[PDB]
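A.B. asks: Shown below is the structure under consideration.
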Amino acid sequence: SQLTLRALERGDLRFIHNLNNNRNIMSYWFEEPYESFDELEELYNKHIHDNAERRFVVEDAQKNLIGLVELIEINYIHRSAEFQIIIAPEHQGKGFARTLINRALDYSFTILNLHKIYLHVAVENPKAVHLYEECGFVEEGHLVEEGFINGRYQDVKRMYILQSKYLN
Amino acid sequence: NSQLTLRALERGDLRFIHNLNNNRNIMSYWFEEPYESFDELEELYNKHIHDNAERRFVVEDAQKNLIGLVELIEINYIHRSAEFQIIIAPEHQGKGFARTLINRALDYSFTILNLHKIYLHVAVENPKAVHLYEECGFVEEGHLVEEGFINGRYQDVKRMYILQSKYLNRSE
Amino acid sequence: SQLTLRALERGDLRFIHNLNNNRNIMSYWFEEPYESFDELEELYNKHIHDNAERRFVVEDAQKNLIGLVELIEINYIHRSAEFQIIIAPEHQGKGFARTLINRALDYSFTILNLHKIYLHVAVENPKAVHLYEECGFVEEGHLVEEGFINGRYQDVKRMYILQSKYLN
Amino acid sequence: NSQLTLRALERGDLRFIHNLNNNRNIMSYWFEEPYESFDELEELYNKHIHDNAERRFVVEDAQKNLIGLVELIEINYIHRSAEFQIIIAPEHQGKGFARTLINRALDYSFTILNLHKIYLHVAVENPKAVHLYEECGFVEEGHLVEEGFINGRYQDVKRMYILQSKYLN
Amino acid sequence: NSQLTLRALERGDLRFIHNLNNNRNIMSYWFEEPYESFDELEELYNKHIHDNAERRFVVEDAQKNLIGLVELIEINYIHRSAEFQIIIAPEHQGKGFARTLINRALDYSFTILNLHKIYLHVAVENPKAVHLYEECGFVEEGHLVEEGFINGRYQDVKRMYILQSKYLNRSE
Amino acid sequence: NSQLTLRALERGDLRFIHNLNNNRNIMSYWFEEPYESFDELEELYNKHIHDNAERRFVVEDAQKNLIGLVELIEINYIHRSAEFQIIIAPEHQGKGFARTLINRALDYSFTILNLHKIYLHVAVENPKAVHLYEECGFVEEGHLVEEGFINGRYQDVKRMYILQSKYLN
Amino acid sequence: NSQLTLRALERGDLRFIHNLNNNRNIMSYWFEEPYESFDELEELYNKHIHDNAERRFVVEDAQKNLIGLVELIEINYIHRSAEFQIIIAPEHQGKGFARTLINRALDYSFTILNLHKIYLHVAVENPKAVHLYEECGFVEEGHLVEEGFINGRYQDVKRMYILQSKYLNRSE
Amino acid sequence: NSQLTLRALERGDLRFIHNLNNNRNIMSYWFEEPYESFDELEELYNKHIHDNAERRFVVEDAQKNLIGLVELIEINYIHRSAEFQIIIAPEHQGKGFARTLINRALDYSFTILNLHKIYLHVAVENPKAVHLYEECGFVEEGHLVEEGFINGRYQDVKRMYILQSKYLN
Amino acid sequence: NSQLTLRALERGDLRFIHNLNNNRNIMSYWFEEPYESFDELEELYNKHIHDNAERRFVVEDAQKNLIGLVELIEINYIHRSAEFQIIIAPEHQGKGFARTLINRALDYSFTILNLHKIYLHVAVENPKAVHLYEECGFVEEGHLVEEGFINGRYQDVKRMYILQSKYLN
Amino acid sequence: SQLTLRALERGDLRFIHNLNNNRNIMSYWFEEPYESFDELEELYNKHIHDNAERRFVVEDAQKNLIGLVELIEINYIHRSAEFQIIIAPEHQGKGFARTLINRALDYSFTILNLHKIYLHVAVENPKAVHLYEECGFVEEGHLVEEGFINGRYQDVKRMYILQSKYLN
Amino acid sequence: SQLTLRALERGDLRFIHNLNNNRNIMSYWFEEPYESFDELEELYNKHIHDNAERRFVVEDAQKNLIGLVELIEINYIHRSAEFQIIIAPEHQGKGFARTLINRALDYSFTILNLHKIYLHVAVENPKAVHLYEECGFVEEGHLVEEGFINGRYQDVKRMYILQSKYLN
Amino acid sequence: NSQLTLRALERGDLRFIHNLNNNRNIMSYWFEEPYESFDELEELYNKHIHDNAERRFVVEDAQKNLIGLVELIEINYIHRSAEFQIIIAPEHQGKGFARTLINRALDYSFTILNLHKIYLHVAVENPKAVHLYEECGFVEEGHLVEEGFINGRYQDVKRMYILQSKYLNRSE
């Protein structure tokens, strides 16, 4: 409850770079690949005004960085966006996920007025699917060999939630 | 209240602007383009530094403490109109500084810019503000239904106006 | 029924300039004033990709220019836009207005997925208010001295229609 | 004289403009920048094509024959004023169309742009022009001495005005 | 059908593209930016002429008559994926040219671009097309609900895929 | 009053400029472009730093305390004219230094720039200022009616002039 | 001679300029930058089209035949001075058109530009021209020695002037 | 040797890069463009900072002491190949960390970028290096004769490869 | 076959280029950048028109009928090497003109550009081409395995070379 | 003799601005007018590479700024330039002029290989004409009303010296 | 005598390209290599105003293109330039060389006021050395392996002529 | 002498370059453009930072004291030639460091750049330097008369060369 969401600032880019460490996956910023901190800050400067992606830094009461809440591929004609939450390893198993997931859905459905929010989860991480399922998400796709994760193509589940059910 | 002073907004005041837009829980715009980050605001401020379609004024006291903001937007010099929005910091919201800021704004709009009409928008679910402006000389000219999506619901908003004729004269 | 809507092209700018003649009002293109044809084509080139305004040219079966249907101040967050229809003097009193008004509402509510469409009518043209009223629009504002039309400030009615009623 | 039509200046009309400024014996300006050749004007027309400080109208007749030019310069939208200048081609100078052009100019200034004041400048050594504008509603508000260097001499110039209040009422 | 030929789209073919997007009654995009005018399309074509994230191919016959369009979008060369969309002109829609165009597209994607997966989207209210792709080797991997707003209603769309493994092998 | 020194305006003095334009209750312009914030002025100062249409001088004293500003706008080098404006800080408004600043301004206009005429504008509702310039050599050449919208009213303004011939002789 | 007319130089007249600089056997300049090719001239003309430091005037007759050129260079509006150069085509060099062109030039310089002084340079080895200008009111103010390298030798050049005072008055 | 960590190259590490290229006696390239001074490299690093044709990783230890560099050049994402080069600082050349760096490089090439082939070039006059890569999984696919001008002589160079299939299985 | 003439590539010949790359079933590059449409090539030809890393020659006959293309890519002037590729139109593939084009290419490489080495790449599944270049002076220096993805298969490619020393002597 | 010539640097621009004070004449930098220090530094940056004018700062042994030696309107085809020397008021009457004038002629005739060096002197300052005359310059022109100096047009003498006589 | 020199124009670039054919040497335009006509015209446009090289087209009475006279590496401080004359194969052995060489020296020494004009001749073409020698040029250098001409480094003679001797 | 080290010139060394060009009393060039001020040099250095037609190398000792400069100019990679110029600070001119710098330069030119010929220019009125280079393997190939204007007089300059063949071999 004490956790707060804050729009992403330049200073928070170091926290983004640290979150990427230990993930072992190509990081993208507005659909452009980056791996070093200097590559990131340059693209943050060039996409500063692009409203197709919005990122919020999650902090506690004493302002310790907990994680990141990012909405990508925002389309205002169809009113959809892809949701992705990244919790720092320090606070991964402390139960902050469900609160941050509700905070993200709140901003998406009560400020941006989006119709649908979908996410992508690895089939090889079933407990994460149960998490999002218990948060209101339902499976709508089982993408076969969608991503190349550590030397092999993996299946990824696409799950959605509509504005209708979150508000009612 | 008479110790308050209006000052054209500077770059050093953008921090004060950012802290105002939070807790409002509404999309913040700068020259009709959205923003929610301090850096995003600063870049827009430098890009529209010379754009005269909008003007914003910081209000401070003798202590130089920041009390609120006055902004004119959608300024058109052929029809001589502009939209009016007032925002006072939460710390000074209840000490009745608003009426002074409103009068200072109308005095600038109608005696320096030589505008003909000033309109504003207020939420129908905030009768306190609608009543405040009616006290300051604003008349309702529209009840726009489901014009804004606020807090997960389409709500109505009142549009109220005041003419240069009433402000400058009336007492005459 | 034979009337067709077509996105605005460069060649149609001459028809726009001719429509402005005999109106006696400042013409705007993406909120910028113009009065000569050369001023118009230059701004058409600079705002070619701005999706805040969409204009459709109305033609008949034999492709005679009937009028223009323009949506301005399109906001995809709140899903609103201002509607304006301009019929050429040759075909003004032939009854093409109601058909073109329905065509405009169709594009706005079934392709762009807008929530509200408002228009502005002069109080001194009451029969036009009755037209839009019989088309589904309802008055939501009586703006006092909103526009300067031929040497005097005039009152203008703002009328709206919601996507909910047009679809049902 | 009700046949004459005002039309916003187009790039093609810059030839008509150039021919009118010849025979005048005066430095011609386009948005406060001097020019003399047709090419200099065409380039400056492209640079200031969307500048709202000045506005120029070409006046034609029923046959579309060019009659004259009406230009409003130094347009300030805060004070709501502008300077007015009318130039008729030598072909039609004596046909008595000036008054109609002056009123069609004032009609656009006061009924569409919503300006409060329109002032103009006339040489003191042209009293017929002073009387002309006087009969159109303009009043002398200044006698600027040695304001301009015309024909090798510093000459005095009358500044004349008319307000939106009088023209509308 | 074997007389059809695939040709990289040129500027002279943009007219053929514009005439295709009309009567579809759907927002048309070019490198993920909307357009509905021929001039708007032409300007976008010149701006993304060198962008390799998308490729479009015109298909013509021995008569050099334009039959349809094949386009790859959302191409990513790290995951080696792309989205597939086929559009045949209304005059040739029913003569069974589609299967040839689909195979020509997959042959280009899997033997020249060396892609791993090709996916496409089809409306659930168009079982004819869903069946056509299932015949060509596509398998359903998703039933996205209310993903698209078509003709005044939020509709579901099927996402179907095919892997380079099946296309190149299977017969092996 | 012979201690006062004129110095070309520097970027650092833009603070002094901004503070003077406060308290005036008037729209301030920098090269015919409006501004209100210190940042707006600093940007426009950088854009027009080499524009010769206007020239501004900061006047200091022996202690280098800033006294006032002397600006010449609408400088035309073909007609050899310019508009003059003097603004003294409220701290020294009543010390009677105006006349010396006016003459130091005219001295730069007529002895270095080689201008023929210098005109200025004074509000009719400030007769003390009209008399001041009258005693400095300026003569009224116009009574512009409702020229400016000041303090919520269209007010009349006097236009006053002095020629290079008189000042030098 | 009274049928001659002065016209501001246009792009279509640059061909006439190029043909003039040949046979002169002297470095040709355009806004103080050298050129000897038609294309080199045209590019310089477009680059200095708006530069008011120099002005050139083509002179033509009732037949619209090109007779010569009049150019002002080194124009300075603070000192109100300019350099004067006249060039008549070889076909019309001997019919006494020069005096009219010189007077037309001084009339433009002293009645429109409101200049104070006009100076020119003439070769000491051309007493015909020095005498022509002395007839037109020019007085020698300098005998610059070895100022120019002409035809393989450093030669002297006369600098002659005329003031606005003499031209406008004198008759008075 | 499990303490060594790979980190994407940062602008600050360009000093470490410059010091490594000294002592090599070879023309150094940054995105197929030659350079010699620290300033030339810093400018070209800014120009190609978002170019995906090359990728360079700085390898540190637990103490964050810089150990070496791993760079992948000529990265083609259609053929899924790249050229590999490993450079260890003279301080740690004999500590036997090379093999771990080579495998950490191949792990990023084949497990994240999804490349099919990685080739490298070794001088024939350095058989110890050829054997090293041979024991890491690389096989000779070419003996390029007089490929490079090294130390004043056109020398032969071995081209060695390893496929994603072998490394993963 | 002495009638064939080499001519530097002109913008007009880009049609001939585009038609040759059709029928090849391979991704075509222009200065290491992929393209497929005639418009994409014309734009990239304008961007790299003064780049000296590649050089392409159109070969015609006495009738000026286009015969083929000779392109030298990856030209490095420090190591003095380049990659060679010859493409003959299907119309004249069997007329036996290849050898003359190969030698005319090597003559420009070794007698004008002063290059030391020229290498080329040939598919292993085209032994007739390998023999052809072998009889022209090229020697195999590498058997690159699974170097290219051709016709849906990773195939091996021979790299062949010839030095300036042999060709001149 | 201890006096040294040094190419003009950015830091020396303040000394240039101070030299202009008490001159009461329009200052030009590469034929462009300036009056404030900020105007000067901007034009110094834009004309940094223009070789049509070369300026040298004159200093003593202890590096006190004595004056300026500037060559303007340098033409390498005809090999000519205009010379101008400006001594600070502190050291005006100490006899540094003749030495600095010889230093300027040395650089012009032995490094740039110029054929002619001319200067402009006021007729109303005859002792300055005698100075340059005794330095080798000879009058070649008496320009009438050439410059506007303090409210009146003044005559200016143009005097020259050829490379031939300085070297022999 | 009837031969005329004319500054190089855009249209003459085709003649330049044809002259290069049958030379078998890398062609340079302002020290930049070119081989196709399109490469040449682009560099002609970019170096249109560079006065370090001047080229004149030689024509007859009937305006048939005879050859080219180009001065390169023009230095106005030292007053030197490199001369190069190229006669078309059609008129090579008709004796136009000596006339064109004198025309070039005339322009260099009587209009540009250059002090020295040097040229480069192949040692393996001795009759060309005798030509320039009989025109006033004298050998000042025998450069060893200066140019790579058709598969071998060749020696090149550098010969000069001073303005002093051509004028006297 | 073996403790000397060659280092590519950096921006921090431009001050050392400026102090070298003074007292030489000769026009200083940077990529064939003149300069005589430190700021003029710095701006040219940043503009030609990536130009590979010239390369300059600072030489320093174990003490990191600046000893001199080595520069290659007029580098052409088709003919594989370059011009060589060496400049040692006056404080270290007489301690015989030159021969080491010359050999270091030729070693870089002939073993890294793979150049074929290196030429240099020396004043005929400086037989000390002409003799120094003859000791280092340079042969005179030209006696260019009145090529340079030095100290008010046109002087002759010797052009001397050395080939990659001699440097790399000879001992072989």
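Chain lettering (A, B, ...) mirrors the order of the structure tokens, residue numbering begins at 1 for each chain separately, and ligand numbering begins at 1 in order of display.
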May I have chain G as a JSON list (two decimals) with C-alpha atoms, in the first residue's frame, after a least-squares superposition on chain B that uses all C-alpha atoms paired in order?
C.D. replies:
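In the end it all went to result_27.json:
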```json
[["chain", "number", "residue", "atom", "x", "y", "z"],
["G", 1, "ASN", "CA", -3.49, 38.42, -0.11],
["G", 2, "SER", "CA", -2.43, 41.80, -1.50],
["G", 3, "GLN", "CA", 1.18, 40.72, -0.84],
["G", 4, "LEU", "CA", 0.93, 38.12, -3.61],
["G", 5, "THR", "CA", 2.75, 38.85, -6.87],
["G", 6, "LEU", "CA", 2.42, 37.39, -10.37],
["G", 7, "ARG", "CA", 5.61, 36.48, -12.24],
["G", 8, "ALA", "CA", 6.08, 35.02, -15.70],
["G", 9, "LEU", "CA", 7.01, 31.36, -15.34],
["G", 10, "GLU", "CA", 10.73, 30.60, -15.61],
["G", 11, "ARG", "CA", 12.63, 27.35, -16.09],
["G", 12, "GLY", "CA", 13.45, 27.25, -12.38],
["G", 13, "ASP", "CA", 9.71, 26.98, -11.67],
["G", 14, "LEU", "CA", 9.13, 23.82, -13.72],
["G", 15, "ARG", "CA", 9.88, 21.74, -10.62],
["G", 16, "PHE", "CA", 7.01, 23.55, -8.90],
["G", 17, "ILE", "CA", 4.81, 22.72, -11.90],
["G", 18, "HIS", "CA", 5.62, 19.00, -11.83],
["G", 19, "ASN", "CA", 4.77, 18.70, -8.13],
["G", 20, "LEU", "CA", 1.40, 20.33, -8.87],
["G", 21, "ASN", "CA", 0.31, 17.92, -11.61],
["G", 22, "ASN", "CA", 0.81, 14.92, -9.32],
["G", 23, "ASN", "CA", -2.03, 14.00, -6.93],
["G", 24, "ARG", "CA", -4.37, 15.57, -9.49],
["G", 25, "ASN", "CA", -4.52, 12.20, -11.29],
["G", 26, "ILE", "CA", -5.20, 13.79, -14.68],
["G", 27, "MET", "CA", -3.27, 13.86, -17.95],
["G", 28, "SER", "CA", -1.01, 16.92, -17.93],
["G", 29, "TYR", "CA", -0.46, 18.85, -21.16],
["G", 30, "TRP", "CA", 2.05, 21.48, -22.29],
["G", 31, "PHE", "CA", 1.03, 23.37, -25.44],
["G", 32, "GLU", "CA", -1.42, 20.55, -26.23],
["G", 33, "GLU", "CA", 1.10, 17.69, -25.90],
["G", 34, "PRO", "CA", 1.07, 15.15, -23.04],
["G", 35, "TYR", "CA", 3.74, 14.71, -20.39],
["G", 36, "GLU", "CA", 4.16, 13.11, -16.99],
["G", 37, "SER", "CA", 7.93, 13.31, -16.34],
["G", 38, "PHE", "CA", 10.03, 16.27, -15.23],
["G", 39, "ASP", "CA", 12.46, 15.74, -18.12],
["G", 40, "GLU", "CA", 9.56, 15.45, -20.57],
["G", 41, "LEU", "CA", 8.21, 18.76, -19.28],
["G", 42, "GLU", "CA", 11.58, 20.52, -19.47],
["G", 43, "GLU", "CA", 12.10, 19.50, -23.10],
["G", 44, "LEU", "CA", 8.64, 20.76, -24.06],
["G", 45, "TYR", "CA", 9.25, 24.04, -22.22],
["G", 46, "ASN", "CA", 12.40, 24.69, -24.26],
["G", 47, "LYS", "CA", 10.65, 23.79, -27.52],
["G", 48, "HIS", "CA", 7.68, 26.16, -26.98],
["G", 49, "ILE", "CA", 9.62, 28.88, -25.15],
["G", 50, "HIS", "CA", 8.64, 31.41, -27.84],
["G", 51, "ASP", "CA", 5.12, 30.13, -28.57],
["G", 52, "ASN", "CA", 2.65, 32.89, -27.66],
["G", 53, "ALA", "CA", -0.45, 30.69, -27.92],
["G", 54, "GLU", "CA", -0.16, 30.03, -24.16],
["G", 55, "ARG", "CA", 1.21, 31.94, -21.18],
["G", 56, "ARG", "CA", 1.70, 30.76, -17.60],
["G", 57, "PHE", "CA", 2.32, 32.88, -14.51],
["G", 58, "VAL", "CA", 3.79, 31.77, -11.19],
["G", 59, "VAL", "CA", 2.33, 33.47, -8.10],
["G", 60, "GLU", "CA", 4.54, 33.97, -5.04],
["G", 61, "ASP", "CA", 4.29, 35.86, -1.77],
["G", 62, "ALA", "CA", 6.54, 38.35, 0.00],
["G", 63, "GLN", "CA", 8.35, 35.29, 1.39],
["G", 64, "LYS", "CA", 8.93, 34.22, -2.25],
["G", 65, "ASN", "CA", 7.10, 30.98, -1.44],
["G", 66, "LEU", "CA", 5.33, 29.40, -4.41],
["G", 67, "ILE", "CA", 1.56, 29.60, -3.92],
["G", 68, "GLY", "CA", 0.12, 28.46, -7.24],
["G", 69, "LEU", "CA", -0.04, 28.82, -11.01],
["G", 70, "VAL", "CA", -2.08, 30.86, -13.49],
["G", 71, "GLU", "CA", -2.12, 29.79, -17.13],
["G", 72, "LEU", "CA", -3.80, 31.04, -20.30],
["G", 73, "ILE", "CA", -4.12, 28.50, -23.13],
["G", 74, "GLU", "CA", -5.82, 28.39, -26.53],
["G", 75, "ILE", "CA", -5.10, 32.11, -26.90],
["G", 76, "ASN", "CA", -6.36, 33.48, -30.22],
["G", 77, "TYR", "CA", -5.71, 37.13, -31.08],
["G", 78, "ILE", "CA", -8.21, 37.37, -33.95],
["G", 79, "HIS", "CA", -11.22, 36.37, -31.85],
["G", 80, "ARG", "CA", -9.40, 37.64, -28.72],
["G", 81, "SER", "CA", -10.24, 34.67, -26.50],
["G", 82, "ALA", "CA", -8.36, 32.36, -24.17],
["G", 83, "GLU", "CA", -8.97, 29.50, -21.75],
["G", 84, "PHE", "CA", -8.30, 30.08, -18.05],
["G", 85, "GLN", "CA", -7.00, 27.53, -15.54],
["G", 86, "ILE", "CA", -5.94, 28.15, -11.94],
["G", 87, "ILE", "CA", -4.00, 25.73, -9.72],
["G", 88, "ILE", "CA", -3.05, 26.46, -6.10],
["G", 89, "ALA", "CA", -0.66, 24.22, -4.19],
["G", 90, "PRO", "CA", -2.38, 21.95, -1.64],
["G", 91, "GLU", "CA", -0.65, 23.74, 1.25],
["G", 92, "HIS", "CA", -2.38, 27.05, 0.45],
["G", 93, "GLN", "CA", -5.63, 25.76, -1.07],
["G", 94, "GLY", "CA", -7.92, 26.82, 1.77],
["G", 95, "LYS", "CA", -6.67, 30.30, 2.71],
["G", 96, "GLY", "CA", -8.77, 32.13, 0.10],
["G", 97, "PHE", "CA", -5.89, 33.17, -2.15],
["G", 98, "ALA", "CA", -7.80, 32.01, -5.24],
["G", 99, "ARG", "CA", -10.02, 35.07, -5.70],
["G", 100, "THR", "CA", -6.96, 37.32, -5.81],
["G", 101, "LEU", "CA", -5.26, 35.10, -8.40],
["G", 102, "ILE", "CA", -8.41, 35.01, -10.53],
["G", 103, "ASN", "CA", -8.70, 38.80, -10.49],
["G", 104, "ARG", "CA", -4.99, 39.20, -11.24],
["G", 105, "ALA", "CA", -5.42, 36.87, -14.22],
["G", 106, "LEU", "CA", -8.46, 38.67, -15.62],
["G", 107, "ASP", "CA", -6.71, 42.01, -15.08],
["G", 108, "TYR", "CA", -3.78, 40.81, -17.19],
["G", 109, "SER", "CA", -6.02, 39.26, -19.85],
["G", 110, "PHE", "CA", -8.34, 42.26, -20.27],
["G", 111, "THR", "CA", -5.94, 45.19, -19.72],
["G", 112, "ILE", "CA", -2.64, 44.00, -21.28],
["G", 113, "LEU", "CA", -3.53, 41.30, -23.81],
["G", 114, "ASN", "CA", -6.71, 43.26, -24.66],
["G", 115, "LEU", "CA", -8.76, 40.07, -24.92],
["G", 116, "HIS", "CA", -12.54, 40.05, -25.34],
["G", 117, "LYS", "CA", -13.57, 36.82, -23.59],
["G", 118, "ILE", "CA", -12.09, 34.39, -21.08],
["G", 119, "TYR", "CA", -13.60, 30.94, -20.59],
["G", 120, "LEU", "CA", -12.78, 28.08, -18.24],
["G", 121, "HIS", "CA", -13.83, 24.49, -17.58],
["G", 122, "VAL", "CA", -14.88, 23.03, -14.23],
["G", 123, "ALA", "CA", -16.03, 19.56, -13.24],
["G", 124, "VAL", "CA", -19.74, 19.26, -12.50],
["G", 125, "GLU", "CA", -18.78, 17.07, -9.52],
["G", 126, "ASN", "CA", -17.01, 20.08, -7.91],
["G", 127, "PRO", "CA", -19.73, 22.62, -7.07],
["G", 128, "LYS", "CA", -17.30, 24.44, -4.77],
["G", 129, "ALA", "CA", -15.26, 25.67, -7.74],
["G", 130, "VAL", "CA", -18.31, 26.42, -9.89],
["G", 131, "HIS", "CA", -19.57, 28.62, -7.05],
["G", 132, "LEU", "CA", -16.19, 30.32, -6.61],
["G", 133, "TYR", "CA", -16.12, 31.46, -10.25],
["G", 134, "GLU", "CA", -19.75, 32.58, -10.21],
["G", 135, "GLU", "CA", -18.69, 34.83, -7.32],
["G", 136, "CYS", "CA", -15.85, 36.21, -9.48],
["G", 137, "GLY", "CA", -18.17, 37.14, -12.36],
["G", 138, "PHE", "CA", -18.22, 33.97, -14.49],
["G", 139, "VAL", "CA", -21.47, 32.86, -16.11],
["G", 140, "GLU", "CA", -22.24, 29.33, -17.27],
["G", 141, "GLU", "CA", -22.45, 29.06, -21.06],
["G", 142, "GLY", "CA", -22.30, 25.27, -21.42],
["G", 143, "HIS", "CA", -22.92, 21.95, -19.67],
["G", 144, "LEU", "CA", -20.77, 19.64, -21.78],
["G", 145, "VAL", "CA", -21.88, 16.06, -21.09],
["G", 146, "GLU", "CA", -19.37, 13.21, -20.92],
["G", 147, "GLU", "CA", -16.68, 15.55, -22.23],
["G", 148, "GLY", "CA", -13.91, 14.21, -19.99],
["G", 149, "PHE", "CA", -12.89, 10.75, -18.80],
["G", 150, "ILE", "CA", -11.91, 11.27, -15.14],
["G", 151, "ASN", "CA", -11.24, 8.51, -12.60],
["G", 152, "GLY", "CA", -12.62, 5.74, -14.78],
["G", 153, "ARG", "CA", -15.86, 7.50, -15.71],
["G", 154, "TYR", "CA", -17.04, 9.93, -18.38],
["G", 155, "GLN", "CA", -18.14, 13.06, -16.51],
["G", 156, "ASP", "CA", -19.75, 16.37, -17.41],
["G", 157, "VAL", "CA", -17.89, 19.69, -17.25],
["G", 158, "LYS", "CA", -19.22, 23.24, -16.95],
["G", 159, "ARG", "CA", -17.87, 25.89, -19.31],
["G", 160, "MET", "CA", -18.08, 29.41, -17.87],
["G", 161, "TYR", "CA", -17.10, 32.74, -19.41],
["G", 162, "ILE", "CA", -16.58, 36.41, -18.65],
["G", 163, "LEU", "CA", -16.40, 39.30, -21.11],
["G", 164, "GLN", "CA", -14.02, 42.24, -21.15],
["G", 165, "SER", "CA", -17.11, 44.47, -21.11],
["G", 166, "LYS", "CA", -18.28, 43.33, -17.67],
["G", 167, "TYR", "CA", -14.84, 43.28, -16.05],
["G", 168, "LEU", "CA", -13.72, 46.75, -17.15],
["G", 169, "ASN", "CA", -17.15, 48.39, -16.75],
["G", 170, "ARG", "CA", -20.02, 47.12, -14.50],
["G", 171, "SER", "CA", -18.74, 49.44, -11.77],
["G", 172, "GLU", "CA", -18.98, 52.31, -14.28]]
```
A.B. asks: For region 134-149 of chain H, please output as a PyMOL selection string all residues within 6 Å (counting only C-alpha atoms; exclusion window: fewer than 3 positions along the same chain).
C.D. replies: (chain H and resi 131+153-162) or (chain I and resi 141-144)
A.B. asks: Just to be explicit: take each residue in the selection above, keep C-alpha atoms, and write the result as a CSV table (one decimal), in the first residue's frame.
C.D. replies:
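In the end it all went to out-v9.csv:
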```
chain,number,residue,atom,x,y,z
H,131,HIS,CA,46.1,-24.6,-30.8
H,153,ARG,CA,55.7,-8.5,-44.4
H,154,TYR,CA,52.6,-9.9,-46.1
H,155,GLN,CA,51.7,-12.9,-43.9
H,156,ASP,CA,49.3,-15.8,-44.0
H,157,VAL,CA,46.3,-16.0,-41.7
H,158,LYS,CA,44.2,-18.9,-40.6
H,159,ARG,CA,40.4,-18.5,-40.5
H,160,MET,CA,38.7,-20.7,-37.9
H,161,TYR,CA,35.1,-21.3,-37.2
H,162,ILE,CA,32.6,-22.9,-34.9
I,141,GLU,CA,42.6,-20.7,-50.1
I,142,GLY,CA,39.6,-21.7,-48.1
I,143,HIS,CA,36.5,-24.0,-47.9
I,144,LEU,CA,34.1,-22.0,-45.8
```
A.B. asks: Would you work out the distance separating CA of residue 133 (chain H) from CA of residue 96 (chain H), expressed in Å to one decimal?
C.D. replies: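 Between CA of residue 133 (chain H) and CA of residue 96 (chain H) the gap works out to 13.0 Å.
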A.B. asks: List every residue of region 64-151 of chain D that DSSP, applied to the backbone, labels as helix (DSSP H, G or I), and write the result as a ChimeraX atom specification.
C.D. replies: /D:90-92,98-111,127-136
A.B. asks: Which residues are near residue 44 (chain H)? Cut-off 12 Å, only C-alpha atoms, ignore same chain within fewer than 6 positions. Put them as a PyMOL selection string.
C.D. replies: (chain H and resi 11+14+29-38+50-51) or (chain L and resi 49-50)
A.B. asks: What does the distance from CA of residue 125 (chain K) to CA of residue 32 (chain K) come to in Å, to one decimal?
C.D. replies: 26.2 Å
